[PDB]
Structures are given as structure tokens and as C-alpha cells.
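**Student:** structure for this input, please:
(chains A, B, C, D, E, F, G, H, I and J, ligands or ions: 59)
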Amino acid sequence: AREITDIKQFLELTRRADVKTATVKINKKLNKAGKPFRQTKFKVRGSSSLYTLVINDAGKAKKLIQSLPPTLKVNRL
Amino acid sequence: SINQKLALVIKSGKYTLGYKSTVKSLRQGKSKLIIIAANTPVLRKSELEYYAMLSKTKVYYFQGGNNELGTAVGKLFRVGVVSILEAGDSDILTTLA
Amino acid sequence: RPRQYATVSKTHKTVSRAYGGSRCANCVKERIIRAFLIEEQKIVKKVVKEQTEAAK
Amino acid sequence: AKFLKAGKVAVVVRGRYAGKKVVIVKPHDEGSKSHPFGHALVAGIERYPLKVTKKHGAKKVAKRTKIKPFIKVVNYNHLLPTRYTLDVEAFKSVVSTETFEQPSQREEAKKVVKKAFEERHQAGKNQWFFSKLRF
Amino acid sequence: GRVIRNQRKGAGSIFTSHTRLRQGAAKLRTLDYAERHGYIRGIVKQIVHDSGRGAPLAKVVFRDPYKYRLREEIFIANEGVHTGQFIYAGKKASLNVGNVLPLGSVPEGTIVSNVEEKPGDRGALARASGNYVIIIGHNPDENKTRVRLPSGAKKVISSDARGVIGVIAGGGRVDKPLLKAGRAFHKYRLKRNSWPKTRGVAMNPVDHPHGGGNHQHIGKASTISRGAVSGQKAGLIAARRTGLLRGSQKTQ
Amino acid sequence: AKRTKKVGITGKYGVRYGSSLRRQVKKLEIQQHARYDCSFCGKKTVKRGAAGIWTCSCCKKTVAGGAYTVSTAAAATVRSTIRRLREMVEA
RNA sequence: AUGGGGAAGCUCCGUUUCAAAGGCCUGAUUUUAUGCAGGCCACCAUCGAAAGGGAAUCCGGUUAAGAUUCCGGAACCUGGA
RNA sequence: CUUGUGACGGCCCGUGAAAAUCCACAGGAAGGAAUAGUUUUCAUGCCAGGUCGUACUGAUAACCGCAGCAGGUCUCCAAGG
RNA sequence: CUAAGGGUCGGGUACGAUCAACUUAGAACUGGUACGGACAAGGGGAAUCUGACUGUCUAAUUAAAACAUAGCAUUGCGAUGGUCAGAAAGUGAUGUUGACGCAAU
RNA sequence: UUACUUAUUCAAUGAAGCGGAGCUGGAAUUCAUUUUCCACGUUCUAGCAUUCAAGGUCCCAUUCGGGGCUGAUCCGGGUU
Ligand SMILES: [Mg+2]
Ligand SMILES: [Mg+2]
Ligand SMILES: [Mg+2]
Ligand SMILES: [Mg+2]
Ligand SMILES: [Mg+2]
Ligand SMILES: [Mg+2]
Ligand SMILES: [Mg+2]
Ligand SMILES: [Mg+2]
Ligand SMILES: [Mg+2]
Ligand SMILES: [Mg+2]
Ligand SMILES: [Mg+2]
Ligand SMILES: [Mg+2]
Ligand SMILES: [Mg+2]
Ligand SMILES: [Mg+2]
Ligand SMILES: [Mg+2]
Ligand SMILES: [Mg+2]
Ligand SMILES: [Mg+2]
Ligand SMILES: [Mg+2]
Ligand SMILES: [Mg+2]
Ligand SMILES: [Mg+2]
Ligand SMILES: [Mg+2]
Ligand SMILES: [Mg+2]
Ligand SMILES: [Mg+2]
Ligand SMILES: [Mg+2]
Ligand SMILES: [Mg+2]
Ligand SMILES: [Mg+2]
Ligand SMILES: [Mg+2]
Ligand SMILES: [Mg+2]
Ligand SMILES: [Mg+2]
Ligand SMILES: [Mg+2]
Ligand SMILES: [Mg+2]
Ligand SMILES: [Mg+2]
Ligand SMILES: [Mg+2]
Ligand SMILES: [Mg+2]
Ligand SMILES: [Mg+2]
Ligand SMILES: [Mg+2]
Ligand SMILES: [Mg+2]
Ligand SMILES: [Mg+2]
Ligand SMILES: [Mg+2]
Ligand SMILES: [Mg+2]
Ligand SMILES: [Mg+2]
Ligand SMILES: [Mg+2]
Ligand SMILES: [Mg+2]
Ligand SMILES: [Mg+2]
Ligand SMILES: [Mg+2]
Ligand SMILES: [Mg+2]
Ligand SMILES: [Mg+2]
Ligand SMILES: [Mg+2]
Ligand SMILES: [Mg+2]
Ligand SMILES: [Mg+2]
Ligand SMILES: [Mg+2]
Ligand SMILES: [Mg+2]
Ligand SMILES: [Mg+2]
Ligand SMILES: [Mg+2]
Ligand SMILES: [Mg+2]
Ligand SMILES: [Mg+2]
Ligand SMILES: [Mg+2]
Ligand SMILES: [Mg+2]
Ligand SMILES: [Zn+2]
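**Tutor:** Numbering: from 1, shown residues only, chains lettered A, B, ... in the order given. Ligands and ions are numbered 1, 2, ... in the order given. The structure is reproduced below:
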């Protein structure tokens, strides 16, 4: 139901006890006017609503994916 | 008469028409005489009358509806209270009032 | 709708002044005014008829 | 007279503190670079002393009589001026234009105004001012 | 044969009163210790249309003397009573349209509404839009007071009886011609099922005393004995006279 | 352009009812629809609302009155009669 | 329905009416499970709406035949902790 | 076009339901901190949600008219010229 | 084919640029004089009788001039009441009423 | 004929302030002194009026809490 944007607050979610699962979505999407780029969304499934964190930067995308708790049960695509 | 005096205050002196402005006269002390209409509600009444005695200004209860108080000051609209800042050539301050 | 007013924060059911979600400010403006003068005037009547009593 | 001077008690008529008696601390009769209106700086009473009684003893009396004060810039058209008055010496320096802006200033300000208002009330100097205006 | 219409209205079926939308029963404050010794104030918090009434009502709110609450009464609004007005009620009470005073405490010439026939009955006489009574005398010992009613009859009632200074708002209602069937239709739609009315002489003899004949005609005297039997009283019951009231009326 | 020689508000009734009937009603319709000076604030902002109830546009004061005009004759007289009689109570 | 009032009687009348009409908050227990202590409130049945009032759910998919009910996903309301 | 909604306006001797239920406000009984006390009307977390209907026709053949009867039977959706 | 009827912007303290609407009137040309081309869609006038009018009824042979209606007029009654209900009653309708009212013609 | 209330009858009220006497006022005019009659908390304003009441006073053995009396005159229990 929810959308999130403080990249930190997100990280604190994916370490919030009741959050067994999570999933990451990769979309082709266009930049400004001309070309495309690789949008990615970081969906945390909390016990009562589903918070999703849009990370426009394809670069921060790669280092964040590593940031994910290694006992979190992520589902890529 | 009482309207004849008003007509003299009206073409020689300074006044303000209406509630809001005649309070700024009572806080500044600039009022010499406020003229209250007949139908103007007792709260607006008693509230000026408290404002009045807090600046020692005298209060003349005009005995006619705000609508005729409007003809009294020569304006085409009603007024529920006047305030006399300067008595021009008239004598309202220093007669019966 | 009225059963929805128990699914909401209290700050959704008032404004901070006295008589928040009861009266409409102006109507509170008046009753402050009215009460004060009338409570003043009350006094005004007290000591005047203490004067009529001792001076009759 | 220009009765809006450092003695006058006024009752608030608009905004949160509406309904409570203040004491004008410093009038700026016309103008402000901020508040472009005739505005009085006041320190009125927020949480009035609750009634006390003979039954009331010990630290209950101490607690019933606690005051929560408050300072405030106010447009003039939101006070009614009263025929009462109360002295403003203990908090002449306390309540300044400079006291507003920067909240810690306002905290220490009220702190005085609080040690002051509880001074007046215990041994009931200015008794009207410590009673809730009921409307 | 058949039971005639004026007998059927008695068991009250289709005939009872269309009560759904009525503000309530208009009455006076109960006669408590405050109204028989001093006075008590209310505010007319609203005057408002009672449905099926000629006159407006006025809702007048008083404190409770014996408990902390507001009690509310429904008055018939006397003409010129306004919202926010103050209304004073009881013995030592003052003489203004709106207040409610014993018939003892007013002088002759007072004009007074919703007045009790016995004291404390919370109101009985002159209630309909525009009506009133006049006080026309007082006999102090045996504390009576003599009034003249909207009909014109001259009753004498107790001085401890109450009345509301004035006349009942809504006068002239009956001046305006009804003008078409439907307004009579809607008029009675909020009163009772009395409309429209069929001419007993358009009935068959089994339906009415007037019924039948090979032309329409009442056939016998349409004046009916005061001691007629149910099923007989249809005409001018017990009429002491008849024909067009020539000349001036008015009780003398 | 004056629209009607004489029927006035009543021209809605067409030809029905008969002239006396329409006349009579016009007098009271004209009475019941027109605005009225508010005794409390002066503005002619008093209109009708059902069987003798009269309220003020702004101001919102409501005054019980006559079925088609604010002040019925009889009440006015009654007023002054109440004046008259109460005078004898202080003076 | 009921205290009642009629009626030979099946029953008829009355619905808060000529009635001694009932029960919530906690406290007093630390013999203990719940008596007494207050302070309240005098509201006096009940039945009567699948078109009136009214807490809260949605899209996609699926069956020979069920779906705002199943499946998938994402919400919400209420009671309790 | 449909439908919804608003700010108005006309109309009445017509002025056009009730209760459950939810909220607020006035009040200020009372309960509460510095060695640390109050707060679940903010957020996040836990469990629970019974019973009964749910298919289909609703009509020139699934209803009522002796019937698979040219009759009768309440309503929502509504494209282009 | 002509003409008339609009929106949008920037102008120191006369005008220009563009966008989008079917109405209405005028004028040419044209035909086997036809064109609301199917569909859709009022007969009119003068009287007499009669009920004012809109409304109502005999389902299943009568829709009328008959009933009603506003309007008019009469009657009864201040509650210990008027009219009417019940076998009775600490019973009932009008009545949440009160003569600008209720009932009865 | 006209009085009486207790039968019977009617009204009202979540049976609230009835009756009788007295404190204080004061109109009153005194033919020894009172012979009586009225009275005896609220009226510019669409505010506020509730915790057996604050106060005063006495008790409990001084705790927090809590209670009398008075504040609210007496007598009769015939709800009016
Ligand atoms: Mg808010
Ligand atoms: Mg508060
Ligand atoms: Mg004590
Ligand atoms: Mg027979
Ligand atoms: Mg027969
Ligand atoms: Mg029957
Ligand atoms: Mg009924
Ligand atoms: Mg009436
Ligand atoms: Mg009727
Ligand atoms: Mg009928
Ligand atoms: Mg008829
Ligand atoms: Mg008839
Ligand atoms: Mg016939
Ligand atoms: Mg017969
Ligand atoms: Mg006969
Ligand atoms: Mg016959
Ligand atoms: Mg005939
Ligand atoms: Mg024209
Ligand atoms: Mg039901
Ligand atoms: Mg039910
Ligand atoms: Mg339902
Ligand atoms: Mg429903
Ligand atoms: Mg589906
Ligand atoms: Mg299946
Ligand atoms: Mg199969
Ligand atoms: Mg299906
Ligand atoms: Mg599911
Ligand atoms: Mg889920
Ligand atoms: Mg919950
Ligand atoms: Mg439709
Ligand atoms: Mg309306
Ligand atoms: Mg709310
Ligand atoms: Mg919560
Ligand atoms: Mg189905
Ligand atoms: Mg079929
Ligand atoms: Mg068929
Ligand atoms: Mg269609
Ligand atoms: Mg053009
Ligand atoms: Mg253009
Ligand atoms: Mg013809
Ligand atoms: Mg012929
Ligand atoms: Mg006809
Ligand atoms: Mg027609
Ligand atoms: Mg017809
Ligand atoms: Mg037939
Ligand atoms: Mg035949
Ligand atoms: Mg026909
Ligand atoms: Mg036929
Ligand atoms: Mg006829
Ligand atoms: Mg008739
Ligand atoms: Mg005629
Ligand atoms: Mg008559
Ligand atoms: Mg009778
Ligand atoms: Mg009767
Ligand atoms: Mg009996
Ligand atoms: Mg006996
Ligand atoms: Mg009683
Ligand atoms: Mg007594
Ligand atoms: Zn007005």
C-alpha cells in the first residue's frame, strides 16, 4: 500500500523482525525525453502493508542489493 | 437639535463611522463622543460602554435605528455607531451631551 | 461518517482553541465577551443596590 | 486614557489562549516589521489554579495551586481590556521582543513568569487574575 | 341497514390523526414551586412549524430547578415572540408578550393565549392561530377571574390559572382562499382523513338518512333532535334556528 | 414592459377560479412573498417560511408573525394595549 | 406480554398506564472467593424493514455448473491482548 | 447523452420519519516525574471473526391465471445515424 | 459561396499571434415544380343543451349532465364538552387536539 | 337552604418546598404598647450555574482520607 524514499528508513525495515519476504522489480523505463534507463523497486513485505522503495539510480541499485540482510528471503524479479 | 449638531460635526470636523473603527478610537483615546444607535445589540452596546469608560469617553445613546443614524451623518448607508474625534464648529461635547 | 470518527486521530476532531470541535470561534468570541461584561455588570448592580439600601 | 499600558489586564478573545486573562507587558502601539498591527506583548495564565479547600492539605494544596503560564504576542483586536491591573516589574526584562524567537528564550521567560505568578497567588495579591473566566 | 359514515369515524381506524410529523404536544411549564411564587426565565431557542398546525410552535428552554440540566418545553409561539427572546413564567412575573402569568396577576384588558381552564393543566383555551382571550373582571375573594373566549362565551376560571400574554402567531391563515381542490387535499393530508365529503343525499337509503329518492332531497326535516340516536344525527343537530344569519351577531 | 394589465403574480392561475378568487389571493400572495425590515438589524432581510414564520436573511433572527404578513393588525394593537396596561404597574 | 381494570367464559381493556418493576462502575478481600462501601442512572418489556437507518474488500484468474465467498495478490473493520 | 455533486432559486393554510450508533465539547473527580514517572485517540507488532441464505428462472415455457395461456406481475444498466 | 456570432496568451507606470466550435440569415447555380419526399404529424368554423374548470365511479354491457372540488351558507360544542366507538371497563376515536378548532348537514 | 372531609369523582408530579408559627425588614397610628396588614435572594445582553457547597465550627488522635453542625429558622409527616 505504501511508498518510501529515505533509503535509510528502508534498510531499517528490512531488519524489522516480522519481514520474512521481499521482492525486487526491474522495469525498462525512459529518461526525461529521449532514451531509457533501468528503474528498480525495493518491495518490503511488512506484516500489514507492503512498503516499496523506488531507486531510480541504476548505480545505487547495485550497492543496495548487497545491503539487503542475508537472511532476508528476497525474490529477484 | 441633536441631528442639527450632528450635521455640524459632519461638515466641519473629524469622525469615523461604524463599529470596528470606533474601537480603535476608544483604545487610542481619540474619541470625544461615541453615538450608539437604538437597535445595535446590547452586547455591541455594553462592549463599547466598557470600552468607553476605560478611556473616560462619554456615550450618547441615539434614540433611532441605525438606518436613520445613517441619514443623521448624511451618508446613504446605515451606521450603528459614530465616533467624534474632533467637534468642528459644533458644541455637542459641551452642551447636554 | 459518524462511525468513522472513531477511526481517526483526535486532532481530526477539533481545533486547538477552547470549545474546539463544539462551537465556531466567532460564537466563542461572543461568549467570552458577553460573559465578561455581564459578570462585570453583575458587580455594577451589586454595589449600586448596597448604595440604595444604605441610602434610602 | 491611552489605557493600553504596562498595567492593564486583558482577556484573550481569539486563538488557543482565548478565554484567559493576560497582563500587557509591553505595548508596541502601531507597527512591526513582522506583526504590521497594534500588538501587545502579554503574559497570561494558561492552566489556572484549581479551587482549594479546608479538606485540601499537605502537598495537595501545593499541587492544586500550580500554575502553567504563557507569554504571547497578540493583536490588540483580540484582547478585551479590563478595569483591573497588575504589576509588571518582575518580568519587564523577561518578556521582550528578543524573548520571542528562539524557543529556549521563551522557556526561561515563562519560568520567571511562573515563579512570579505563583508568588502573587500564594498570599492572594491580585485575586481576580487567578480565577477561570467561565463562558 | 348500513352504518352511516359519521358512526364509522368513532372506532378510529382510517380516521385517526396523521401524527407522524408533529413537533409534539404544545403545553405549558408544569406548575412548580418557581412559577407559583416567583418567576423563571427561558430562551425561545427556535420557533418552528408544527405539521398540521395553523400556528407555529416555539421551543423555550429553561433550567431545571432541582437538577443541573436543561429542560425544554413546547409552547405555541405568541405573535412577535422571537428567537433568543427571554420568557418569564409564574406569579411575580412581568407583563410582556411572551411571558406566562396567572390570570390573577394581570389587570383587566390583558390579552392572553393558551390559558388553563383549571390551574396546572398546562393550557387549554385559545390556542389556534390568531385566537386569544381577554380578561374582563376579577373577584378577589374566591380568587376567580372572568375571561371572554374566542367563541365569545364568557367563562369564569381560577386566578391561579395561567396564560401567555399575547395573541397566537399565524393570524389570517383562513383569509386566503383555498382555491383549488388539492390544497384542501394537502391541508387534510396532515390532519385526518376527513376529506373529501360526500353528500348524504347522494347516497342510497342504506347509506344515509338522506339517501335515495328519485330526485336528491332530504325528504324530512334536516334538524335532528338533541336526543337522537347514533345513526340519526345527520343534519343540523339540535339547531335552535336555521336560515341565513341576517343582521349582526356578537354576544351581548 | 409591464407584462400584465392586472393579474400580477396571479397570472399563473390562468383563467381558473374566477377573478374575485384570484384577486383575493393576489393580495395575500403579494403580502406573503415580499421582504421585510428586520427589527433587530434594520436590513430588509426578513422573508417568509410557512404559516406565519418570519426569519432574517443575515442576522438569522426569527419572529413569530401573521400567516401572510409579519405584523398582524390585531397584534400591533395588542402590543400597545400591553404597553398601556403595564405602564400602570410602575407609574 | 407484564402490576393492574373488565368479562359466566373462551377472553377484552391498558403499554408506563392508580406497580415496593431494575444495574453499571469500581471499591472493601489479601480467612477467599467475591460479601459490603459509596456515588451514580430511573431508561419499564418485546416483535415489526432482505427497497428505510447501518463497522469494514478490492482487481486478476479459475468451474460442465459457484464466486465482491474459491485461488492469487493487495486492503480494511471490529473484539481481545 | 447518462449519472452524480455543488452554489442558488421557485413552491405551500403541504415546509416534506425514528431509533440504534459514532464523535466532540463544558466539566475537573482523580492519577501522575528526576533518579526517574506518566502516555496506547501517533507508529509498528499478535490472536480472533460463529450461525443462516448463496444454483437457476424472473417470464408470449421455471410466478399467478385448471396449461409451456397473445392476460397479469416491483426494479437497475443502455451504442451509432 | 457571402456575412454575423467566440477562447488563449505576453504589452512602460492602436494592434498582434494562434486554437476550436454548429447556429442563423443572405445569395448564386440546379431538377420532369420536386423537396416535413419513408418515418413522424392538429381538421376548421358557427350555435343550443349541459357541468365552472383539473380530478372521480359502476373490475366484466352505463365515464355522463352523475361524485367530488374550491367557493357559499347553515348547525352543534369551552372539556363536568360536541359527535362517534365498546358486552363491559381504572375502555376508546377526533386529540401531539381547543373555536383562524373539532364534529354535522 | 350552605357549610364540612373522610366515601365517591377529576387534575398533576421521575408525589419538591404544603400547612401552621417565627426571625429580620417596612407600610402603618400608637390613646400603653403593638391593636394589625404587606412583604421576607434572580429582568439591558442567545454566556456560565452539576462532584453531600465554598466558608465558619466542632470531632478522628493527626496521613491521605473522613465525619457532624451550620451555610438552608421551628412545628405537623395531609404529595399538590
Ligand atoms: Mg484539527
Ligand atoms: Mg482543559
Ligand atoms: Mg468541614
Ligand atoms: Mg340491518
Ligand atoms: Mg343492505
Ligand atoms: Mg371496526
Ligand atoms: Mg394515534
Ligand atoms: Mg394552533
Ligand atoms: Mg378534520
Ligand atoms: Mg376519504
Ligand atoms: Mg361534498
Ligand atoms: Mg357537505
Ligand atoms: Mg345514487
Ligand atoms: Mg334509513
Ligand atoms: Mg328520519
Ligand atoms: Mg332522500
Ligand atoms: Mg337537494
Ligand atoms: Mg415582451
Ligand atoms: Mg419494524
Ligand atoms: Mg427488530
Ligand atoms: Mg435492513
Ligand atoms: Mg437497508
Ligand atoms: Mg472475477
Ligand atoms: Mg467448483
Ligand atoms: Mg465433466
Ligand atoms: Mg452464473
Ligand atoms: Mg482471498
Ligand atoms: Mg497478505
Ligand atoms: Mg484494535
Ligand atoms: Mg433513470
Ligand atoms: Mg425547507
Ligand atoms: Mg464529530
Ligand atoms: Mg491506534
Ligand atoms: Mg446467481
Ligand atoms: Mg425462461
Ligand atoms: Mg403467458
Ligand atoms: Mg442504448
Ligand atoms: Mg466566422
Ligand atoms: Mg480570432
Ligand atoms: Mg369540431
Ligand atoms: Mg337542444
Ligand atoms: Mg365536468
Ligand atoms: Mg390537464
Ligand atoms: Mg376531467
Ligand atoms: Mg362497466
Ligand atoms: Mg346486459
Ligand atoms: Mg371521461
Ligand atoms: Mg365503458
Ligand atoms: Mg355535483
Ligand atoms: Mg363545501
Ligand atoms: Mg355561486
Ligand atoms: Mg359555529
Ligand atoms: Mg364526551
Ligand atoms: Mg369526548
Ligand atoms: Mg372499573
Ligand atoms: Mg362514607
Ligand atoms: Mg406534587
Ligand atoms: Mg412553610
Ligand atoms: Zn436582521
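**Student:** separation between whatever residue of chain D ends up closest to ligand 59 and residue B:54?
**Tutor:** As assessed by C-beta to the ion, ligand 59 sits closest to residue D:13 within chain D, at 23.4 Å. For every residue, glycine as well, the C-beta is placed using N, CA and C. According to C-beta to C-beta, to the nearest Å, residue D:13 and residue B:54 sit 15 Å apart.
**Student:** any idea how many residues pack against the closest residue to ligand 8 within chain B?
**Tutor:** Closest residue of chain B to ligand 8, C-beta to the ion: residue B:39 (30.6 Å). By other C-beta atoms under 10 Å in any protein chain shown, the residues close to residue B:39 number 16.
**Student:** for the residue of chain D closest to ligand 59, what are its contacts?
**Tutor:** C:29, C:32-33, D:78-80 (C-beta atoms under 8 Å, 6 or more residues apart in numbering or on different chains).
**Student:** hang on, the earlier thing: residue F:40 is in contact with the residue of chain B closest to ligand 8, correct?
**Tutor:** Yes - between residue B:39 and residue F:40 there is a contact under C-beta atoms under 8 Å: 5.9 Å.
**Student:** now residue D:127: how far from residue E:34?
**Tutor:** In this view, residue D:127 and residue E:34 are 34 Å apart by C-beta to C-beta.
**Student:** up against RNA strand I, what does chain F have?
**Tutor:** F:15-18, F:21, F:67, F:72, F:74 (C-beta under 7 Å from any atom of the strand).
**Student:** contacts for the helix or strand hosting residue B:60?
**Tutor:** Taking DSSP states H and E as the criterion, residue B:60 maps to strand B:58-61. Residues outside strand B:58-61 that contact it (C-beta under 8 Å, 6+ apart) are B:33-36, B:38, B:48-49, B:52, B:92, B:97.
**Student:** assign the residue nearest to residue E:150 when sequence neighbours are not counted to helix, strand or coil.
**Tutor:** Distances taken as C-beta to C-beta, 6 or more residues apart in numbering or on different chains place residue E:131 nearest to residue E:150, at 4.0 Å, with adjacent residues excluded. Each residue gets one of three states, and residue E:131 gets coil by DSSP: H, G, I helix; E, B strand; the rest coil.
**Student:** could the contacts of strand B:58-61 go into TSV alongside secondary structure?
**Tutor:** Shown next, in TSV, are the contacts of strand B:58-61 (three-state DSSP):
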residue	secondary structure
B:33	strand
B:34	strand
B:35	strand
B:36	strand
B:38	coil
B:48	helix
B:49	helix
B:52	helix
B:92	helix
B:97	coil
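**Student:** could you list which of these also contact RNA strand J?
**Tutor:** Near RNA strand J, by the rule C-beta under 7 Å from any atom of the strand, you find residue B:49 out of these.
**Student:** so which of the contacts of strand B:58-61 are also by chain F?
**Tutor:** By C-beta under 8 Å from any C-beta of the partner chain, no member of those lies near chain F.
**Student:** who wins for neighbours among the contacts of residue D:13?
**Tutor:** Using other C-beta under 10 Å as the neighbour criterion, residue D:79 leads those with 25 neighbours.
**Student:** ok, back up a step: can you tell me which of the contacts of strand B:58-61 are buried?
**Tutor:** Those of the contacts of strand B:58-61 that meet the buried threshold are B:33-36, B:38, B:48-49, B:52, B:92, B:97, by 16 or more other C-beta atoms under 10 Å in any protein chain shown.
**Student:** mind putting the residues you listed into JSON lines with distance to residue E:7?
**Tutor:** Shown next, in JSON lines, are the buried ones among the contacts of strand B:58-61 (distance: C-beta to C-beta, whole Å):
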{"residue": "B:33", "distance to residue E:7": "78"}
{"residue": "B:34", "distance to residue E:7": "74"}
{"residue": "B:35", "distance to residue E:7": "72"}
{"residue": "B:36", "distance to residue E:7": "68"}
{"residue": "B:38", "distance to residue E:7": "62"}
{"residue": "B:48", "distance to residue E:7": "70"}
{"residue": "B:49", "distance to residue E:7": "70"}
{"residue": "B:52", "distance to residue E:7": "74"}
{"residue": "B:92", "distance to residue E:7": "80"}
{"residue": "B:97", "distance to residue E:7": "78"}
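**Student:** need the distance between the two termini of stretch C:5-17.
**Tutor:** Start and end residues of stretch C:5-17 are separated by 20 Å (C-alpha to C-alpha, to the nearest Å).
**Student:** got the contact list for that stretch?
**Tutor:** Under C-beta under 8 Å, 6+ apart, the answer for stretch C:5-17 is C:20-21, C:25, C:28, D:14-16, D:18.
**Student:** could you redo the last one with a cut-off of 7 Å?
**Tutor:** With C-beta atoms under 7 Å, 6 or more residues apart in numbering or on different chains as the test, stretch C:5-17 has contacts from C:20-21, C:25, C:28, D:15-16, D:18.
**Student:** picking up where we left off before, now flag whichever of the contacts of strand B:58-61 is closest to residue E:136.
**Tutor:** residue B:38 (35.9 Å; C-beta to C-beta).
**Student:** report the contact partners of the closest one.
**Tutor:** Residue B:38 neighbours (C-beta under 7 Å, 6+ apart): B:62-65.
**Student:** got the buried residues for the strand holding residue B:60?
**Tutor:** B:59-60.
**Student:** and if you look at stretch E:190-201?
**Tutor:** E:190, E:192, E:200-201.
**Student:** cross those against strands and list the overlap.
**Tutor:** Among the buried residues of stretch E:190-201, no residue falls in strands (DSSP state E).
**Student:** export those residues to JSON lines and tack on distance to residue E:16?
**Tutor:** Below are those laid out as JSON lines (distance: C-beta to C-beta, whole Å):
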{"residue": "E:190", "distance to residue E:16": "13"}
{"residue": "E:192", "distance to residue E:16": "7"}
{"residue": "E:200", "distance to residue E:16": "23"}
{"residue": "E:201", "distance to residue E:16": "27"}
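**Student:** which two of those have the greatest separation?
**Tutor:** Pairwise distances across the buried residues of stretch E:190-201 (C-beta to C-beta) peak at 29.4 Å, for the pair E:190 and E:201.
**Student:** the more surrounded of residue D:127 and residue E:34?
**Tutor:** Set residue D:127 next to residue E:34 and count neighbours by other C-beta under 10 Å: residue E:34 wins out with 17 against 10.
**Student:** so which strand or helix has the more buried one?
**Tutor:** Counting by DSSP H and E, no helix or strand carries residue E:34.
**Student:** quick one: residue B:95 from residue E:142, how far?
**Tutor:** 59 Å.
**Student:** repeat that for residue B:5.
**Tutor:** Residue B:5 is 60 Å from residue E:142, by C-beta to C-beta.
**Student:** counting neighbours, go ahead and name the busier of the two.
**Tutor:** Comparing residue B:5 with residue E:142 by other C-beta under 10 Å, the one with more neighbours is residue B:5, at 19 against 8.
**Student:** sec struct for the more buried one, please.
**Tutor:** helix.
**Student:** from chain D, which residue is nearest to ligand 16?
**Tutor:** residue D:135 (74.9 Å).
**Student:** helices along chain C, start to end?
**Tutor:** C:26-54 (DSSP state H).
**Student:** near chain D, which residues of it show up?
**Tutor:** Contacts of chain C with chain D, taken as C-beta under 7 Å from any C-beta of the partner chain, map to C:16-18, C:28-29, C:31-33, C:35-36.
**Student:** quick check: whatever residue of chain A ends up closest to chain E vs residue A:19, distance?
**Tutor:** Using C-beta to the nearest C-beta, the single residue of chain A nearest to chain E is residue A:48, 45.5 Å away. Distance of residue A:48 to residue A:19, computed by C-beta to C-beta: 11 Å.
**Student:** more crowded one of those two?
**Tutor:** Taking neighbours as other C-beta under 10 Å, residue A:48 and residue A:19 compare with residue A:19 leading, 17 against 7.
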